[PDB]
């Protein structure tokens, strides 16, 4: 009646595991920058969608808003940052993250790391964030482990 979800965010690597199996893994050098988004079915944990939005670059946040607005309220939403996700994470995207109940997403800054798991229509199940300590540095890696309640019937 739960999913065991692990979410890792860091300078050089992201992964998401569901029930002990990796559903997203990106350790490649200069690829996959930005906010990775995974959508799960809330009864089975099956992956319904996997995206990456390079929100270090313009226009990617607008794509993220359009995509997230089409996700159904009951889905499990998972976000994780690789490298840098904030430079072009602008106010409409930050407001949308706030509407999910995210505390760190709306405040995401330069080279911060961030892991998030929540039901789209609420509540948030888990969240971790590490602030970069200097412009030339990254947040520390964060590994979030959350038991997500499953729906049924």
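Residue numbers count along the first chain shown, from 1.
When the mean C-alpha temperature factors of 22 to 30 and 107 to 115 are read from the deposited coordinates, 22 to 30 comes out higher.
The question of which stretch, 135 to 143 or 5 to 13, has the higher mean Cα B factor is settled in favour of 135 to 143. Highest C-alpha temperature factor among 85, 58, 45, 101, as the PDB entry reports it: 101. Per the PDB record, residue ranking by Cα B-factor puts residue 128 in the highest third of the chain. When the CA B factors of the chain's modelled residues are split into thirds, the value for residue 50 lands in the middle one.
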